[PDB]
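Peer 1: Need coordinates for the following:
(chains A, B, C and D)
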Amino acid sequence: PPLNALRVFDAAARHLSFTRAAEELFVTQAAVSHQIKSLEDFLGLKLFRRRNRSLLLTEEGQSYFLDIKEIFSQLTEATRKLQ
Amino acid sequence: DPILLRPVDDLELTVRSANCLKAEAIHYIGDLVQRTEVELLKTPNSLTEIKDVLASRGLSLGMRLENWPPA
Amino acid sequence: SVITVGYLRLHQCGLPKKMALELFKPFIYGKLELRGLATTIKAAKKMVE
Amino acid sequence: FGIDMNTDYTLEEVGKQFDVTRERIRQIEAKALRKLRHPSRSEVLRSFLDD
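Peer 2: Residues are numbered from 1 along each chain as shown, chains lettered A, B, ... in the order given. Dropping the coordinates below:
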């Protein structure tokens, strides 16, 4: 699980879709899945309910979604240490 | 200069290059020309493309400008 | 228009400056694009107006 | 747009000729639009808005 995949998962949930998680991720809509497909190999389980119209939040996905917020909140602590 | 007051959409640059500068919130052509090559290589996803796309426009990175932005 | 007396030379006529632009309006349009001052004929007519 | 022809052709009408790509011809059109929306070629075309 690369740290580049770290910032593609957190934007997916709050944008309620993989393609809708691209405007604030300074990336196109294709790459948002390129990291997630690798996640289902290193970690090896689903995160979101993949559907045509939208995605359903999974209990495990939110647990990581909060885990991604622990990783970034303390990353800001290193940031404001420089500030 | 008629190019400074225009945004970064007047270059027809590659999509890989068209997305990299949006990460640093590049809004003006002057904004991107102020920053030099010694710090724009840090951003991932150019070195073999920006010089040639800008030379035909009569512009080059590394120029020094004052009163910027004039708004 | 009405006629009036002229100092003028035998080959010269006194035109009112207002009628000339109306009469030579296509000529003004044609030579205005040649001058490059109007990209389109619409702008030509606008600045004539 | 049927420019210099007798009629225009829709998405499938041109798709049956080159490729059956439905949204991809549409995004080709969108790419053409954004190319024509650029302030590099639209400068003279913008003058034709008042007619």
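Peer 1: For stretch D:44-51, measure first residue to last.
Peer 2: 14 Å (C-alpha to C-alpha, to the nearest Å).
Peer 1: Would it count as contacting chain B?
Peer 2: No: Stretch D:44-51 lies apart from chain B when judged by C-beta under 8 Å from any C-beta of the partner chain; the minimum separation is 14.5 Å. For the C-beta atoms, the positions are set from N, CA and C on the backbone; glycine is no exception.
Peer 1: hmm, that stretch touching chain C?
Peer 2: Yes: using C-beta under 8 Å from any C-beta, we find that stretch D:44-51 touches chain C at D:44, D:47, D:48, D:50, D:51.
Peer 1: Touching the biggest helix by length in chain B from outside, list them.
Peer 2: Using DSSP state H, we find that the single longest helix of chain B is helix B:15-23. Helix B:15-23 has contacts (C-beta atoms under 8 Å, 6 or more residues apart in numbering or on different chains) with A:26, A:27, A:28, B:8, B:32, B:43, B:44, B:45, B:46, B:49, B:50, B:53.
Peer 1: roughly how far apart are the second one and residue A:50?
Peer 2: Counting by C-beta to C-beta, to the nearest Å, the gap from residue A:27 to residue A:50 is 19 Å.
Peer 1: out of those two, which sits in the more crowded spot?
Peer 2: Using other C-beta atoms under 10 Å in any protein chain shown, the more surrounded residue of residue A:27 and residue A:50 is residue A:27, with 19 against 12.
Peer 1: out of everything not next to it in sequence, what's closest to that one?
Peer 2: Sequence neighbours aside, residue B:19 is the residue nearest to residue A:27 in space, at 6.7 Å (criterion: C-beta to C-beta, 6 or more residues apart in numbering or on different chains).
Peer 1: returning to what we had before: what's the closest of the contacts of helix B:15-23 to residue A:15?
Peer 2: Distances from residue A:15 to the contacts of helix B:15-23, taken as C-beta to C-beta, are shortest for residue A:27 (12.0 Å).
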